[PDB]
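Colleague: My structure file target.cif, mmCIF, C-alpha atoms and all ligand atoms, is below:
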```cif
data_work
loop_
_atom_site.label_atom_id
_atom_site.label_comp_id
_atom_site.auth_asym_id
_atom_site.auth_seq_id
_atom_site.Cartn_x
_atom_site.Cartn_y
_atom_site.Cartn_z
CA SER A 1 0.00 0.00 0.00
CA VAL A 2 2.65 2.63 0.92
CA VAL A 3 4.80 2.40 -2.17
CA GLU A 4 1.79 1.82 -4.47
CA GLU A 5 0.28 5.07 -3.20
CA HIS A 6 3.33 7.32 -2.93
CA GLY A 7 5.41 5.75 -5.63
CA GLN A 8 8.35 7.71 -6.91
CA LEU A 9 9.84 9.97 -4.23
CA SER A 10 11.60 13.25 -5.10
CA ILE A 11 12.83 16.49 -3.51
CA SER A 12 10.86 19.65 -4.30
CA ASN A 13 11.87 22.96 -2.69
CA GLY A 14 13.87 21.15 -0.02
CA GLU A 15 11.05 18.71 0.95
CA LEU A 16 10.52 14.98 0.43
CA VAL A 17 7.45 14.58 -1.81
CA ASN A 18 5.64 11.72 -3.55
CA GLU A 19 4.91 11.29 -7.25
CA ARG A 20 1.88 13.51 -7.07
CA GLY A 21 3.85 16.28 -5.38
CA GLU A 22 2.56 15.81 -1.87
CA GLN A 23 4.86 15.92 1.21
CA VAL A 24 5.49 12.48 2.65
CA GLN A 25 7.16 11.53 5.96
CA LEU A 26 8.81 8.17 6.39
CA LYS A 27 9.14 6.61 9.89
CA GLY A 28 10.74 3.29 10.59
CA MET A 29 13.49 1.22 12.09
CA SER A 30 17.13 0.67 11.43
CA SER A 31 18.73 -2.67 11.95
CA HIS A 32 21.80 -2.78 14.17
CA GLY A 33 24.91 -3.94 12.40
CA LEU A 34 24.04 -6.74 9.98
CA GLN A 35 27.23 -8.55 10.99
CA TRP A 36 26.06 -8.83 14.61
CA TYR A 37 22.26 -8.88 14.64
CA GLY A 38 21.23 -9.83 11.10
CA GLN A 39 18.81 -12.47 12.33
CA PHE A 40 16.34 -9.66 13.03
CA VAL A 41 16.26 -8.65 9.33
CA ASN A 42 13.84 -10.87 7.37
CA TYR A 43 10.48 -10.73 5.65
CA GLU A 44 8.58 -11.90 8.72
CA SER A 45 10.11 -9.39 11.15
CA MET A 46 9.69 -6.58 8.60
CA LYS A 47 6.09 -7.64 7.92
CA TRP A 48 5.46 -7.55 11.71
CA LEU A 49 7.01 -4.09 11.94
CA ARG A 50 4.90 -2.93 8.99
CA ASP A 51 1.65 -4.38 10.33
CA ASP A 52 2.05 -4.04 14.10
CA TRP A 53 4.28 -0.92 14.38
CA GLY A 54 3.21 0.86 11.14
CA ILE A 55 6.66 1.31 9.68
CA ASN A 56 6.87 2.60 6.12
CA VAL A 57 10.66 2.43 5.74
CA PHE A 58 13.32 -0.01 6.93
CA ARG A 59 17.04 0.80 7.09
CA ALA A 60 19.59 -1.92 6.53
CA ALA A 61 22.72 -0.83 8.44
CA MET A 62 25.55 -2.50 6.61
CA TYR A 63 28.67 -1.63 8.62
CA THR A 64 31.71 -1.40 6.39
CA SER A 65 34.28 -1.88 9.19
CA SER A 66 33.92 -3.56 12.62
CA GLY A 67 33.54 -7.00 11.01
CA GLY A 68 31.14 -5.70 8.35
CA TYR A 69 31.22 -5.66 4.55
CA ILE A 70 34.92 -4.90 4.05
CA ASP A 71 35.90 -7.87 6.29
CA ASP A 72 33.12 -10.18 5.16
CA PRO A 73 31.05 -9.04 2.17
CA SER A 74 28.38 -11.67 2.70
CA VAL A 75 26.38 -9.08 4.60
CA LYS A 76 25.49 -7.49 1.20
CA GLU A 77 23.15 -10.47 0.63
CA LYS A 78 21.34 -9.59 3.84
CA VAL A 79 20.90 -6.05 2.41
CA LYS A 80 19.39 -7.68 -0.74
CA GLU A 81 17.08 -9.79 1.45
CA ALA A 82 15.93 -6.62 3.18
CA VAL A 83 15.39 -4.73 -0.10
CA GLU A 84 13.39 -7.63 -1.58
CA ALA A 85 11.31 -7.89 1.57
CA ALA A 86 10.58 -4.16 1.36
CA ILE A 87 9.52 -4.57 -2.29
CA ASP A 88 7.25 -7.54 -1.38
CA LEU A 89 5.87 -5.62 1.62
CA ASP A 90 5.41 -2.41 -0.42
CA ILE A 91 7.52 -0.20 1.91
CA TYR A 92 10.62 1.96 1.36
CA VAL A 93 14.12 0.73 2.15
CA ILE A 94 17.37 2.50 2.95
CA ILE A 95 20.58 0.88 1.83
CA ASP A 96 23.09 2.24 4.40
CA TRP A 97 26.85 2.14 3.72
CA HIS A 98 27.48 2.31 7.42
CA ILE A 99 30.83 3.99 8.01
CA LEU A 100 31.83 4.77 11.61
CA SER A 101 35.32 3.79 12.82
CA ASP A 102 36.33 4.20 9.20
CA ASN A 103 35.60 7.85 9.81
CA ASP A 104 36.43 9.35 6.40
CA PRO A 105 34.13 8.02 3.62
CA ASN A 106 37.06 8.22 1.25
CA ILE A 107 38.76 5.29 3.04
CA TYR A 108 36.55 2.70 1.29
CA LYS A 109 35.33 4.86 -1.65
CA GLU A 110 36.28 2.33 -4.33
CA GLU A 111 34.35 -0.41 -2.56
CA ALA A 112 31.43 1.99 -2.07
CA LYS A 113 31.29 2.83 -5.77
CA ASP A 114 31.20 -0.88 -6.70
CA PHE A 115 28.60 -1.68 -4.07
CA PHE A 116 26.33 1.14 -5.13
CA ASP A 117 26.75 0.25 -8.80
CA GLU A 118 25.57 -3.29 -7.98
CA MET A 119 22.65 -2.25 -5.83
CA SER A 120 21.45 0.45 -8.26
CA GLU A 121 21.71 -1.94 -11.19
CA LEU A 122 19.64 -4.54 -9.35
CA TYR A 123 17.09 -2.31 -7.78
CA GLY A 124 17.19 0.98 -9.70
CA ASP A 125 13.83 0.41 -11.43
CA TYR A 126 11.98 0.10 -8.14
CA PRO A 127 10.74 3.22 -6.36
CA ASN A 128 11.34 1.67 -2.92
CA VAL A 129 15.06 2.28 -2.75
CA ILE A 130 16.84 5.12 -0.93
CA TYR A 131 20.65 5.11 -1.02
CA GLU A 132 22.59 6.24 2.09
CA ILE A 133 26.16 6.58 0.91
CA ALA A 134 28.09 7.37 4.16
CA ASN A 135 26.37 6.89 7.54
CA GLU A 136 28.55 9.06 9.87
CA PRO A 137 31.64 10.90 8.66
CA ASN A 138 33.51 12.00 11.80
CA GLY A 139 36.74 13.52 13.07
CA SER A 140 38.07 17.08 12.89
CA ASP A 141 40.06 16.07 9.82
CA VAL A 142 36.90 15.12 7.87
CA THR A 143 35.08 18.16 6.54
CA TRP A 144 32.20 18.69 4.16
CA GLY A 145 34.12 20.72 1.63
CA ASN A 146 37.33 18.76 1.65
CA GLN A 147 36.21 15.13 2.22
CA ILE A 148 32.50 14.45 2.18
CA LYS A 149 31.20 16.55 -0.73
CA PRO A 150 33.88 15.30 -3.13
CA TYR A 151 33.15 11.70 -1.99
CA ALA A 152 29.50 12.19 -2.81
CA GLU A 153 30.41 13.72 -6.21
CA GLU A 154 32.09 10.42 -7.06
CA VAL A 155 29.46 8.00 -5.73
CA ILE A 156 26.34 9.82 -6.91
CA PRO A 157 27.25 9.61 -10.64
CA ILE A 158 27.66 5.82 -10.27
CA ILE A 159 24.15 5.53 -8.87
CA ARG A 160 22.71 8.02 -11.41
CA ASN A 161 23.94 6.00 -14.33
CA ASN A 162 21.55 3.22 -13.21
CA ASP A 163 18.90 5.09 -11.29
CA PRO A 164 18.40 8.70 -12.38
CA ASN A 165 16.32 10.00 -9.57
CA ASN A 166 15.67 7.77 -6.47
CA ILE A 167 16.67 9.61 -3.27
CA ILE A 168 20.29 9.70 -2.08
CA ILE A 169 21.06 10.56 1.59
CA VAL A 170 24.56 12.01 2.16
CA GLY A 171 26.20 12.04 5.59
CA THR A 172 27.53 15.20 7.18
CA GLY A 173 30.48 16.08 9.40
CA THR A 174 30.84 15.43 13.13
CA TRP A 175 28.87 12.10 13.03
CA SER A 176 26.21 13.51 10.68
CA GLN A 177 25.56 16.56 12.81
CA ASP A 178 27.14 19.37 10.77
CA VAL A 179 24.28 20.20 8.46
CA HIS A 180 25.27 23.90 8.55
CA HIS A 181 28.32 23.45 6.42
CA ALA A 182 26.52 21.13 3.99
CA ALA A 183 23.62 23.51 3.59
CA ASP A 184 26.01 26.38 2.73
CA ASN A 185 27.71 24.30 0.06
CA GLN A 186 25.08 22.01 -1.40
CA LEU A 187 25.45 19.23 -3.94
CA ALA A 188 24.04 19.74 -7.44
CA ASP A 189 21.82 16.62 -7.68
CA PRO A 190 18.22 17.63 -7.15
CA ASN A 191 17.20 14.41 -5.36
CA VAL A 192 19.75 14.54 -2.50
CA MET A 193 19.14 14.84 1.21
CA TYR A 194 21.66 15.42 4.01
CA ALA A 195 21.78 13.15 7.05
CA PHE A 196 21.23 14.50 10.52
CA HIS A 197 21.61 12.21 13.58
CA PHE A 198 20.69 12.87 17.21
CA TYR A 199 20.52 11.16 20.59
CA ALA A 200 18.04 12.08 23.24
CA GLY A 201 20.73 11.85 25.96
CA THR A 202 22.18 15.09 24.53
CA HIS A 203 20.50 18.40 25.25
CA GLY A 204 19.19 19.25 21.76
CA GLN A 205 18.05 22.88 21.55
CA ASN A 206 20.89 24.27 19.49
CA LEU A 207 20.96 21.14 17.30
CA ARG A 208 17.27 21.77 16.42
CA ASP A 209 18.18 25.38 15.53
CA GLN A 210 20.94 24.18 13.27
CA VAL A 211 18.57 21.80 11.45
CA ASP A 212 16.31 24.84 10.90
CA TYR A 213 19.28 26.83 9.55
CA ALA A 214 19.90 24.08 7.05
CA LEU A 215 16.30 23.82 6.00
CA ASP A 216 16.29 27.62 5.49
CA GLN A 217 19.01 27.23 2.89
CA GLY A 218 16.79 24.91 0.85
CA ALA A 219 18.66 21.75 1.94
CA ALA A 220 16.57 18.60 2.47
CA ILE A 221 17.32 16.63 5.69
CA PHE A 222 16.68 12.95 6.50
CA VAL A 223 17.13 11.82 10.15
CA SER A 224 18.48 8.47 9.13
CA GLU A 225 19.58 7.54 12.68
CA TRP A 226 18.42 8.67 16.06
CA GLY A 227 18.25 7.14 19.49
CA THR A 228 16.50 7.40 22.81
CA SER A 229 19.80 6.93 24.65
CA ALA A 230 23.16 8.69 24.68
CA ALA A 231 25.42 9.07 21.64
CA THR A 232 27.08 5.75 22.52
CA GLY A 233 23.80 3.84 22.11
CA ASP A 234 23.67 3.16 25.88
CA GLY A 235 23.41 4.95 29.23
CA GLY A 236 19.77 5.47 29.93
CA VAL A 237 16.62 6.23 28.04
CA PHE A 238 15.74 9.93 27.74
CA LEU A 239 12.12 9.98 26.71
CA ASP A 240 11.43 13.62 27.51
CA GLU A 241 14.03 14.90 25.09
CA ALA A 242 13.09 12.14 22.60
CA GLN A 243 9.55 13.41 22.51
CA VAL A 244 10.79 17.01 21.92
CA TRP A 245 12.67 15.72 18.89
CA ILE A 246 9.71 13.64 17.66
CA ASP A 247 7.51 16.71 17.68
CA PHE A 248 10.16 18.84 15.98
CA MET A 249 10.48 16.29 13.19
CA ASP A 250 6.74 16.18 12.65
CA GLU A 251 6.59 20.03 12.43
CA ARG A 252 9.39 20.10 9.88
CA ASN A 253 8.28 17.09 7.71
CA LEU A 254 11.43 15.20 8.63
CA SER A 255 11.62 11.49 7.85
CA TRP A 256 13.42 9.22 10.31
CA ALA A 257 14.77 5.78 11.22
CA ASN A 258 15.29 4.79 14.89
CA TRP A 259 18.41 2.99 16.09
CA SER A 260 17.99 0.04 16.50
CA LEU A 261 16.22 -3.29 16.05
CA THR A 262 18.14 -5.71 18.28
CA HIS A 263 17.93 -7.49 21.67
CA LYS A 264 21.36 -6.26 22.76
CA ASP A 265 21.46 -5.13 26.40
CA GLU A 266 21.96 -1.40 25.64
CA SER A 267 19.41 1.31 26.20
CA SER A 268 18.84 2.20 22.51
CA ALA A 269 17.96 -1.40 21.60
CA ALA A 270 14.28 -1.91 20.76
CA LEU A 271 13.93 -5.58 21.93
CA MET A 272 14.51 -7.63 25.09
CA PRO A 273 16.50 -10.91 25.21
CA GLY A 274 14.16 -13.71 24.09
CA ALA A 275 12.52 -11.59 21.43
CA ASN A 276 11.73 -13.78 18.42
CA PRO A 277 13.81 -12.72 15.40
CA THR A 278 10.79 -13.28 13.13
CA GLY A 279 8.49 -10.87 14.95
CA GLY A 280 5.32 -11.36 16.91
CA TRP A 281 6.66 -9.61 20.00
CA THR A 282 4.65 -9.20 23.16
CA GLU A 283 4.87 -6.09 25.22
CA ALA A 284 7.26 -7.76 27.59
CA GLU A 285 9.56 -8.52 24.65
CA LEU A 286 9.93 -4.84 23.75
CA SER A 287 12.50 -2.79 25.67
CA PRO A 288 11.74 0.63 27.15
CA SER A 289 13.09 2.21 23.98
CA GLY A 290 11.19 -0.13 21.65
CA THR A 291 7.92 0.39 23.42
CA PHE A 292 8.31 4.17 22.97
CA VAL A 293 9.33 4.00 19.30
CA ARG A 294 6.48 1.59 18.44
CA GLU A 295 4.08 4.00 20.08
CA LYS A 296 5.43 6.92 18.04
CA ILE A 297 5.01 5.10 14.72
CA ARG A 298 1.56 3.69 15.59
CA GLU A 299 0.46 7.22 16.62
CA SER A 300 1.58 8.57 13.27
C1 LIG B 1 24.85 6.02 15.29
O1 LIG B 1 24.88 5.92 16.71
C2 LIG B 1 24.66 4.60 17.25
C3 LIG B 1 24.76 4.76 18.78
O2 LIG B 1 23.65 5.53 19.25
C4 LIG B 1 25.72 3.64 16.74
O3 LIG B 1 25.43 2.33 17.21
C5 LIG B 1 26.29 1.82 18.22
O4 LIG B 1 27.48 1.47 17.55
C6 LIG B 1 28.43 0.86 18.46
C7 LIG B 1 29.69 0.75 17.72
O5 LIG B 1 29.50 -0.09 16.57
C8 LIG B 1 27.85 -0.45 18.99
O6 LIG B 1 28.76 -1.09 19.87
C9 LIG B 1 29.37 -2.24 19.39
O7 LIG B 1 28.44 -3.32 19.44
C10 LIG B 1 28.97 -4.55 18.96
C11 LIG B 1 27.89 -5.59 18.87
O8 LIG B 1 27.36 -5.82 20.16
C12 LIG B 1 30.12 -4.98 19.86
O9 LIG B 1 30.68 -6.18 19.36
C13 LIG B 1 31.16 -3.89 19.94
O10 LIG B 1 32.16 -4.20 20.91
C14 LIG B 1 30.55 -2.53 20.28
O11 LIG B 1 31.51 -1.49 20.18
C15 LIG B 1 26.59 -0.14 19.75
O12 LIG B 1 25.97 -1.35 20.23
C16 LIG B 1 25.62 0.58 18.78
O13 LIG B 1 24.43 1.00 19.45
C17 LIG B 1 25.62 3.63 15.21
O14 LIG B 1 26.63 2.81 14.64
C18 LIG B 1 25.86 5.03 14.72
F1 LIG B 1 25.72 5.09 13.33
#
```
When written as structure tokens, how does the structure in this file appear?

Modeller:
Amino acid sequence: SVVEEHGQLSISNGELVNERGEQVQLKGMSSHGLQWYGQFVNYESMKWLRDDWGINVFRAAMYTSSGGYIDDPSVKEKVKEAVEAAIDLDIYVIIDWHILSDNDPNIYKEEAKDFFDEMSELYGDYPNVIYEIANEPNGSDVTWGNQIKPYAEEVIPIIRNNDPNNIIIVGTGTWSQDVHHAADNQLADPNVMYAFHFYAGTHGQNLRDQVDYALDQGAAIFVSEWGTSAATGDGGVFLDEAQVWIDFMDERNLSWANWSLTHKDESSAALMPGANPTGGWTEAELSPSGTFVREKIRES
């Protein structure tokens, strides 16, 4: 139903819109790293998230380092499983080249180009696909102008040769927080968005103002990762500040994916230990974070 109705997504005047020009907001879940918790990524769990939580997008977090794709490329087939499930379920899907410790996206740029060529060749005639080319650039030596923008100006043409206009999300500096610099020096492709990530454990007032600054320059923003915990993924759940951010995103038409769908014993995890990897969870099988996120998406 979702993808049949909204179909081809595009950016118009800095906003995500559907094929009839109407604003659309995606809300869903990110996997944790596919190398650690891939059992939670399957048609049945995604169907349960679609039907019971109301998700309309699923993000497949394919770490590059930390035992991910560069070390063992088999995780790309789990991305394909997720994409095909999203097509069968009629929801959107984010293919996330999940850099982190490999803090400059240029480190594995050759591999990224090949990976995105493959995925855009396979899936580029489906409207479901959203490409996320560099999760979280980070470090004071990784800047928008010098590192990230040129990286994107190499990867985007590869995708565009196969898929002229599905959405591409591009990470920003300082762990996808520095939308100010990106918005002052935007990419040329008209169907690009810039990533912005937040954690409710951080006091967020200035970060909201910076997202507004970016939006005021005509830049489109996708909140492709956020958590209810601290920046580490652990250390408490901060539902007051999470709700502030939820409301802000609704006011600004910002799409989002929550981190993350796993039973790991960390506060940002959505599931408890014993949660079935194929869905069907009871209340007791959702963590404090997962219960909150499910509520947000069902409310929407
Ligand atoms: C965006 O931020 C989230 C945190 O809010 C990041 O997710 C965290 O990434 C950590 C680093 O990969 C991860 O910890 C690792 O978990 C592995 C599997 O259990 C361990 O083997 C490893 O020792 C540990 O460092 C957190 O569990 C996770 O929440 C996300 O990557 C960022 F994009």

Colleague: Find the residues around residue 232 in chain A up to 12 Å (only C-alpha atoms counted), leave out those fewer than 3 positions away in its own chain, and share them as JSON, numbers by chain.

Modeller: {"A": [100, 175, 198, 199, 200, 201, 202, 226, 227, 228, 229, 235, 236, 237, 259, 266, 267, 268, 269]}

Colleague: CA of residue 221 in chain A and CA of residue 194 in chain A, how far apart in Å?

Modeller: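 Answer for the CA of residue 194 in chain A to CA of residue 221 in chain A separation: 4.8 Å.
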
Colleague: Which residues are near residue 273 in chain A? Cut-off 10 Å, only C-alpha atoms, ignore same chain within fewer than 4 positions. Put them as an MDAnalysis selection string.

Modeller: chainID A and resid 262:265 285:287

Colleague: Residues near residue 131 in chain A, anyone? I mean within 10 Å using all atoms listed in the file, not counting same-chain ones fewer than 4 positions away, as a VMD selection string.

Modeller: chain A and resid 59 93 to 97 116 119 to 120 156 159 166 to 170 192

Colleague: Quick one: of A:186, A:282, A:135, A:174, who's nearest to ligand LIG 1 (chain B), counting all atoms listed in the file?

Modeller: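 Between A:186, A:282, A:135, A:174, the residue approaching ligand LIG 1 (chain B) most closely is A:135.
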
Colleague: State, in Å with one decimal place, the distance from CA of residue 279 in chain A to atom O13 of ligand LIG 1 (chain B).

Modeller: 20.4 Å

Colleague: I'd like the contact shell of residue 58 in chain A - 8 Å cut-off, only C-alpha atoms, skipping same-chain residues fewer than 6 positions apart - returned as a list in words.

Modeller: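 The filter keeps residues 28, 29, 30, 31, 46, 86, 91, 92, 93, 94 and 257 of chain A.
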
Colleague: Using only C-alpha atoms, which residues sit within 9 Å of residue 66 in chain A once same-chain residues fewer than 4 positions away are excluded, as a ChimeraX atom specification?

Modeller: /A:35,70-71,100-102

Colleague: Please determine, counting all atoms listed in the file, which residue among A:132, A:184, A:189, A:209 has the shortest atom-to-atom distance to ligand LIG 1 (chain B).

Modeller: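 Smallest separation from ligand LIG 1 (chain B) among the options: A:132.
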
Colleague: Quick check, in Å to one decimal: how far apart do CA of residue 278 in chain A and CA of residue 33 in chain A lie?

Modeller: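 Value for the CA of residue 278 in chain A-CA of residue 33 in chain A distance: 16.9 Å.
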
Colleague: Give the centre and edge lengths of an axis-aligned box, in Å to one decimal, that holds all listed atoms of ligand LIG 1 (chain B) with 6 Å on each side, as AutoDock Vina command-line options.

Modeller:
```
--center_x 27.9 --center_y -0.1 --center_z 17.1 --size_x 20.5 --size_y 24.2 --size_z 19.6
```

Colleague: So, with all atoms listed in the file as the atoms that count, which of A:293, A:249, A:26, A:231 lies closest to ligand LIG 1 (chain B)?

Modeller: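 So, comparing all the options, the nearest one is A:231.
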
Colleague: Could you tell me which of A:15, A:163, A:283, A:117 comes closest to residue 216 in chain A if we count all atoms listed in the file?

Modeller: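 Nearest to residue 216 in chain A: A:15.
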
Colleague: Residues within 10 Å of (2.5, 5.0, -3.0), file coordinates, counting all atoms listed in the file: what are they? Give the list as a list in words.

Modeller: residues 1, 2, 3, 4, 5, 6, 7, 8, 9, 18, 19, 20, 24, 90, 91, 92, 127 and 128 of chain A

Colleague: Because some atoms of range 252-264 of chain A are absent here, can you restore N, CA and C atoms and send them as an mmCIF file, in the coordinates of the input?

Modeller:
```cif
data_model
loop_
_atom_site.group_PDB
_atom_site.id
_atom_site.type_symbol
_atom_site.label_atom_id
_atom_site.label_comp_id
_atom_site.auth_asym_id
_atom_site.auth_seq_id
_atom_site.Cartn_x
_atom_site.Cartn_y
_atom_site.Cartn_z
ATOM 1 N N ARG A 252 8.524 19.793 11.025
ATOM 2 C CA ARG A 252 9.390 20.100 9.880
ATOM 3 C C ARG A 252 9.318 19.055 8.729
ATOM 4 N N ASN A 253 8.375 18.106 8.789
ATOM 5 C CA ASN A 253 8.280 17.090 7.710
ATOM 6 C C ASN A 253 9.575 16.292 7.539
ATOM 7 N N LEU A 254 10.192 15.933 8.682
ATOM 8 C CA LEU A 254 11.430 15.200 8.630
ATOM 9 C C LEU A 254 11.203 13.698 8.779
ATOM 10 N N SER A 255 11.667 12.934 7.815
ATOM 11 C CA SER A 255 11.620 11.490 7.850
ATOM 12 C C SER A 255 12.735 10.938 8.789
ATOM 13 N N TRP A 256 12.519 9.742 9.326
ATOM 14 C CA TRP A 256 13.420 9.220 10.310
ATOM 15 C C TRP A 256 13.420 7.707 10.407
ATOM 16 N N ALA A 257 14.576 7.199 10.885
ATOM 17 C CA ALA A 257 14.770 5.780 11.220
ATOM 18 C C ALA A 257 15.413 5.685 12.614
ATOM 19 N N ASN A 258 14.782 4.966 13.536
ATOM 20 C CA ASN A 258 15.290 4.790 14.890
ATOM 21 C C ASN A 258 16.314 3.685 14.965
ATOM 22 N N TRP A 259 17.337 3.934 15.805
ATOM 23 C CA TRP A 259 18.410 2.990 16.090
ATOM 24 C C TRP A 259 18.179 2.346 17.461
ATOM 25 N N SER A 260 17.962 1.029 17.586
ATOM 26 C CA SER A 260 17.990 0.040 16.500
ATOM 27 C C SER A 260 17.211 -1.199 16.896
ATOM 28 N N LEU A 261 16.969 -2.047 15.900
ATOM 29 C CA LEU A 261 16.220 -3.290 16.050
ATOM 30 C C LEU A 261 17.153 -4.430 16.438
ATOM 31 N N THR A 262 17.327 -4.652 17.738
ATOM 32 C CA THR A 262 18.140 -5.710 18.280
ATOM 33 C C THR A 262 17.692 -5.987 19.704
ATOM 34 N N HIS A 263 18.092 -7.138 20.252
ATOM 35 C CA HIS A 263 17.930 -7.490 21.670
ATOM 36 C C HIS A 263 19.173 -7.250 22.512
ATOM 37 N N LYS A 264 20.184 -6.591 21.984
ATOM 38 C CA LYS A 264 21.360 -6.260 22.760
ATOM 39 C C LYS A 264 20.976 -5.548 24.036
#
```
